[PDB]
Amino acid sequence: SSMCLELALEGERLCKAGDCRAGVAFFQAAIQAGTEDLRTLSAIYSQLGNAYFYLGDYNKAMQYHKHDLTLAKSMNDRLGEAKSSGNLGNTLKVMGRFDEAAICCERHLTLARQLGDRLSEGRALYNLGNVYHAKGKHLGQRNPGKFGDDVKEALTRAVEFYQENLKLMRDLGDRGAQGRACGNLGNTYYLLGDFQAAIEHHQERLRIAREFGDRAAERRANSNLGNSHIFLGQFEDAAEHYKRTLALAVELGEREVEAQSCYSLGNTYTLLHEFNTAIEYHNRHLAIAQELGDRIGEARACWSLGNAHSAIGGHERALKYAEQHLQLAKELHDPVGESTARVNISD
Amino acid sequence: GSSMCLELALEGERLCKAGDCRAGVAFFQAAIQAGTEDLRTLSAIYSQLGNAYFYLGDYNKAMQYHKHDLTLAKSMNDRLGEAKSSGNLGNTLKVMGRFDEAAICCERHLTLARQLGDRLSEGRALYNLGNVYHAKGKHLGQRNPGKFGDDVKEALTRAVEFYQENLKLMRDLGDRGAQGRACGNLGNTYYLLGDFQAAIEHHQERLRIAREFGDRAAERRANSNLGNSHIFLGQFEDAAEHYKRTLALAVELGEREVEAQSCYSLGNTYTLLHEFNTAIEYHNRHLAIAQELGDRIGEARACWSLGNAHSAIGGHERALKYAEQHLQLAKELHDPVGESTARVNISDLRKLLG
Amino acid sequence: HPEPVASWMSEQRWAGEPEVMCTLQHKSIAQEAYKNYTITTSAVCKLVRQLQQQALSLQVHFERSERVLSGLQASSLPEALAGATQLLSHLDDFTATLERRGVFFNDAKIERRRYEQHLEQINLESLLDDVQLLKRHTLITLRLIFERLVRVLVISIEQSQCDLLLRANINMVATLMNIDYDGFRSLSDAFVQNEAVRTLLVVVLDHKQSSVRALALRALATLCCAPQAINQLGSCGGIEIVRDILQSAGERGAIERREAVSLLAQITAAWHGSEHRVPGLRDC
Amino acid sequence: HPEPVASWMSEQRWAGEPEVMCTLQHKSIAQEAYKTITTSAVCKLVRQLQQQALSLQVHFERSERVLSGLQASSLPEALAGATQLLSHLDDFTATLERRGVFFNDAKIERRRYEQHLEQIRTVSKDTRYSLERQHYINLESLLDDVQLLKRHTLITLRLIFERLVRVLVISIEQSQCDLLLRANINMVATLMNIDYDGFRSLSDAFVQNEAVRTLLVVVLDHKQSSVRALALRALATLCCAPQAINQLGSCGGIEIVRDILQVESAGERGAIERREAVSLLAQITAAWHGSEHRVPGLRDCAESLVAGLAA
């Protein structure tokens, strides 16, 4: 009981410090012989849940969040029940059990609405948007060929909840929260196909990111806008955003993101038939890629550069790029790339 | 605004939540001198600085930075943040002894919570106001009452009202433990007010809830309170029961001073029941602990009580010994008020074979 | 005149133990910071420690599967298939957790495809080597990830503006290199390749406050568990710097000299012999 | 069939920068113990006391400097500072009050504690009279009174800190749960992270309670190498004060630590334990007070011997 309190206290301390396996050891050692006090016990269950979640042991995390939940229900602590419901729903979402997760998050929502807690209501809405979003993005992975009815249903629900959250955050005046909600809304709209709405929401996201001076969020929103413009056939605007993405990427010293941005601009100017300028970006991309030791991006770079040089007319260079391409495809063992190289090395 | 201020505030938060608030204050103040812009995080910094200064016993600076947080939130139209800041500011003002200003702040928190609709914030506000007028009532009652009751009476009455409102809201919402706290403070207010029966009732509910949650500390508190109230109601039997339970939970929790306290309490309770033997035993336990810790005041009390409790059963011989000890401790602790004169009195009155 | 019981009842007039009277609610800096901003130095440390402790479990899982397919804890062969399924699911979960925390990584799932084919089709020794292959591969990828993450910290040190944040960032590496792990959870090489040694030497040199230099010396002391970091330390001429901390001039001292001799001992921990001379220096 | 650009667009159909944010809630255990005694509460207490005592010490020092003439300040500023100093002293003495349970079997210590506390109260009262009333303020007596209050406060704090620390050291000495042993050792390691000399000094609090000997017993007898490493780490943070170092050598701690780094140079019983042992030897050899001739020559010899191998 007292020994339990000490054990659990050191466990909590260890969890706040990052060491969660030791904290878990202390927590289990606390339950080994302890309270009595239901509040402390429930707290220990919660802490164990978040700790196991931290460690990636989602089974035990779900279980101890379940125990914290039933203990919270027994105490009729509505706010605590809301907390444990949210956590359980999160852990459930990560486990791919989206339905049960949705139910839990809905419990969090109705409890939050009951207590008049608009903050917890907002958190609940954001959670629901997240679980339905991830549901869609998973269903889309199970059947890659086509966004089925299921995926569009899930994504639609996610859009709805995200929008409700945005309404609440605008109503409360939480600018950053509006930023995150707008970003997610932009992503799920992008996945839904409505690229225009994606453009709008990502624009708002960029405005917020500029209001806070977060250049990482700026290059995020810029990259998203670049993609959303690429899929709208507005290659002008796509390059217009991609360039700013690269600028903010090099302003923050992001090597990988710089490479990606260069590849993006390369393909964009490839689509704009300005084959001369695209080879520049693809060359810079190959430079960064070969620098960081990225064989994958090196292979893709050889592919695009080869096809681009073939598009210009200097096939003497394109053949070399194709040879290096085959070498890379055979190096990391790629059944597709090897064939794609063998085809373009002759034809 | 910048990464510098944000990371400074983060590290300051870490330091404050992990121990040294003296360094956390340094990081916070360093953050203020950096890129503010984001008024949310700024308000957070001001508030956390207020609490940090509260932790360091610098209540004036705490009031300052908390009021700065309050203003920062008020200008930002952040109602919830304004309520929070008003709460902290009110609590600080209460601790400082500025009860009316604190009452104003907490009242602001209340009305703001009722406007926002957040019921739990409303409960916290009501409970806080209850604490404010409770503290005010105790202070006035201890150092500034005056003809007739009278301001202390109104203060404690106010505290009772707010505590009742909070208890009702908590009974509606369904939060049982909150009803526990509410019943505890309510019972204590009724105790200080004079209505010992109502005190007994509320303290009994507190005991019930404490039992429900396995809160043995609250169990012990409620039991001791019930013991005192029953004592002042003349019902010494119930007082004996609750004091015994209090003692049991006291040795169960490892509370030595509470153990001694409960033993002395039981001694006085059994002297009022004219069972001076048992009373002598309990007084002996209290004396044992008092001697063990060095509680010379408590040792004096013990010698006095044991003296009179030995005079009552017949053993005047030992009673004179105890009274003599009482006199020595009286001369040591410089207690002319009564102890010296009283021990002299009960020594001369005794002795017999002079 | 007075009575013990009467006095007791007179003083119990104001007694009574109350519930919590002082509340005080906190305004979280962390919540607002993490939701209104993309911070990249403390969150990165929390992330790399999290990844560390996860990598530990992944490693012991790999070791368990190895023990199974070695014929040690082997009790059945389809059991080994199920175990393989568990291993792959765990690996993919680790990957998904990575992607969820927003860290991309180039993964040519070659060894994993080898294992996947050999398992989907079906000799235990044929699978053991596949497991060891996937183990080594995962280790490499992990170490690259750790390098990429720690790089942010080292850069944050060598490009610090505020002295307080300088102190904090210098200490974060010490907290990260609290205990060196020889397995997946190794961060030593991540600090070696990012030249944290040279940076910390740069700040024990150029900085003007003794305390900061002391901190840097402490971090250096934490980093001297790996031989590469020691050679890297001697390459920059750090020994001469420490010997300058100790050997005469009056401007640095107290904590700085302590961390200096601590670093010196930690480096000279390759062979213990002068410590006995220090014992003979203590015996008299 | 294939094509670079078409592939790029095909894979870009799903890509999108996610607003990564964790919404996981947290339930604190401490609050469930907030709304006597345990070592945790004790440590929190000595930390609170330490910080408050520091903030008080800077006040005492400032008022000293001003009333001595060492620091330029106007008389109204001086008197105001003295008054608020007395206020802080009152608020602090208030926190030094109801601390009976920690003086178990310490009757002498409690008599002295209580005595000096009463002295603080009385002198504070008289001084506040001297400032509030009295036409011509005597500044000499004011400075004397301030310094005296500083004296008494120092002694008081020394006593209460000694008791509070004795709780922890005893808890280590009579450990019955290994996890809590590790936790407590870690608590003395944390408590001595920064050593002070003023009001908040815990040096003699750990020296008088024989913390060094206790931790050395932990090192000697414990089975787990991890706990031994923890104990060595905790020992290294006590060797800042010369008294504790003497208290180490008196137990033959140097010999023990020296034995840790060999045992015929065996592999087992390492290896972070070694890393903490050499840390202890380092912290010890850092003092080097102001004597010995061989203890410097050997040090320089090693300092050169390393420079030979490295360069």
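What the table below lists for this structure:
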read-out: D:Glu276 being assigned by TED's automatic domain parsing to the domain that holds D:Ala244 and not in a helix (DSSP H, G or I); value: no
read-out: Odd one out for C:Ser42, checked against (1) buried (at least 20 other Cβ atoms within 10 Å of the Cβ); (2) more than 12 Å from chain A (Cβ to nearest Cβ); value: (2)
read-out: Those residues of region B:1-57 which are part of a helix (DSSP H, G or I), within 19 Å of B:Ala73 (Cβ to Cβ) and at the interface with chain C (Cβ under 7 Å from one of its Cβ atoms), in sequence order; value: B:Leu6, B:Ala9, B:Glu13, B:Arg40, B:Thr41, B:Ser43, B:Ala44, B:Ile45, B:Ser47, B:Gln48, B:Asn51, B:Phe54
read-out: Within region D:257-270, tally of residues that are under 17 Å from C:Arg277 (Cβ atoms) and β-branched (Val, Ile, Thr); value: 2
read-out: Selection status of B:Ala323, closer than 30 Å to B:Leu226 by Cα, within 12 Å of another protein chain (Cβ to nearest Cβ) and assigned to a helix (DSSP H, G or I); value: no
read-out: C:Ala249 assigned by TED's automatic domain parsing to the domain that holds C:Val152 and surrounded by fewer than 18 Cβ atoms within 10 Å (Cβ to Cβ); value: no
read-out: Yes/no for A:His309 being closer than 16 Å to A:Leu286 by Cβ, surrounded by 15 or more Cβ atoms within 10 Å (Cβ to Cβ) and in contact with a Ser or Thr (Cβ under 9 Å, 6 or more places away or on another chain); value: no
read-out: Qualifying positions in region A:222-238 - surrounded by 22 or more Cβ atoms within 10 Å (Cβ to Cβ) and over 13 Å from D:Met9 (Cβ atoms); value: A:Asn222, A:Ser223, A:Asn224, A:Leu225
read-out: Filter pass, C:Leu51 being farther than 30 Å from B:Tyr191 by Cβ, surrounded by fewer than 17 Cβ atoms within 10 Å (Cβ to Cβ) and either β-branched (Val, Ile, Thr) or more than 7 Å from every other protein chain (Cβ to nearest Cβ) (or both); value: no
read-out: Only listed residue being farther than 26 Å from B:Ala250 by Cβ and among the acidic types (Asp, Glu), chosen from D:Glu77, D:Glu114; value: D:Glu77
read-out: Among the residues listed as A:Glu211, A:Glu218, A:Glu200, the single one being within 19 Å of the chain's Cα centre (by Cα) and among the charged types (D, E, K, R); value: A:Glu218
read-out: Residue in region A:141-149 that is assigned to a helix (DSSP H, G or I) and touching an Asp or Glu at 6+ places or on another chain (Cβ under 6 Å) present; value: no
read-out: Residues being surrounded by 23 or more Cβ atoms within 10 Å (Cβ to Cβ) and among the hydrophobic types (A, V, I, L, M, F, W, C) - total across region C:132-156; value: 5
read-out: Within region C:152-161, considering residues that are farther than 14 Å from C:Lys208 by Cβ and not in a helix (DSSP H, G or I), the one farthest from the other protein chains (Cβ to nearest Cβ); value: C:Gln159
read-out: Positions within region D:272-295 being surrounded by fewer than 13 Cβ atoms within 10 Å (Cβ to Cβ) and either more than 8 Å from chain C (Cβ to nearest Cβ) or among the β-branched types (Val, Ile, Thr) (or both), in sequence order; value: D:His289, D:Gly290, D:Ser291, D:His293
read-out: Options B:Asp151, B:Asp172, B:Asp195; residue that is within 21 Å of B:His109 (Cα to Cα), surrounded by fewer than 24 Cβ atoms within 10 Å (Cβ to Cβ), away from chain C (no Cβ under 11 Å) and of a type outside the set (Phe, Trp, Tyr); value: B:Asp172
read-out: Pairs, first assigned to a helix (DSSP H, G or I) in region D:237-250, second crowded, with 20+ Cβ neighbours inside 10 Å and among the aromatic types (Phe, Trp, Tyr), C-beta under 7 Å, six or more apart; value: D:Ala244/D:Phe206
read-out: Sole residue being assigned to a helix (DSSP H, G or I), surrounded by fewer than 23 Cβ atoms within 10 Å (Cβ to Cβ) and more than 25 Å from the chain's Cα centre (by Cα), chosen from A:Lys60, A:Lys66; value: A:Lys66
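Matching residues to (1) part of a helix (DSSP H, G or I); (2) under 24 Å from the mean Cα position of the chain (by Cα); (3) among the β-branched types (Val, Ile, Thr):
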| position | (1), (2), (3) |
| --- | --- |
| A:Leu225 | yes, yes, no |
| A:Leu232 | no, yes, no |
| A:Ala238 | yes, yes, no |
| A:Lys243 | yes, yes, no |
| A:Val250 | yes, yes, yes |
| A:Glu258 | yes, yes, no |
| A:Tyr263 | yes, yes, no |
| A:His273 | no, no, no |
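Listed here are the residues, each with its yes/no results for (1) of a type in the set (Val, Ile, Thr); (2) under 25 Å from the mean Cα position of the chain (by Cα); (3) closer than 28 Å to B:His334 by Cβ.
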site	(1), (2), (3)
D:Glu64	no, no, no
D:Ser68	no, no, no
D:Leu79	no, no, no
D:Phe102	no, yes, yes
D:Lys107	no, no, yes
D:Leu117	no, yes, yes
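Residue-by-condition table, conditions (1) within 10 Å of chain C (Cβ to nearest Cβ); (2) assigned to a helix (DSSP H, G or I); (3) buried (at least 24 other Cβ atoms within 10 Å of the Cβ):
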site: B:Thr71; (1), (2), (3): no, yes, no
site: B:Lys74; (1), (2), (3): no, yes, no
site: B:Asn77; (1), (2), (3): no, no, no
site: B:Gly81; (1), (2), (3): yes, yes, no
site: B:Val95; (1), (2), (3): yes, yes, no
site: B:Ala113; (1), (2), (3): no, yes, yes
site: B:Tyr127; (1), (2), (3): yes, yes, yes
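Cβ atoms come from the backbone with ideal geometry, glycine included; neighbour counts cover every protein chain shown. Basis: the model, the stated rules and, where named, an outside source; these are not laboratory values.
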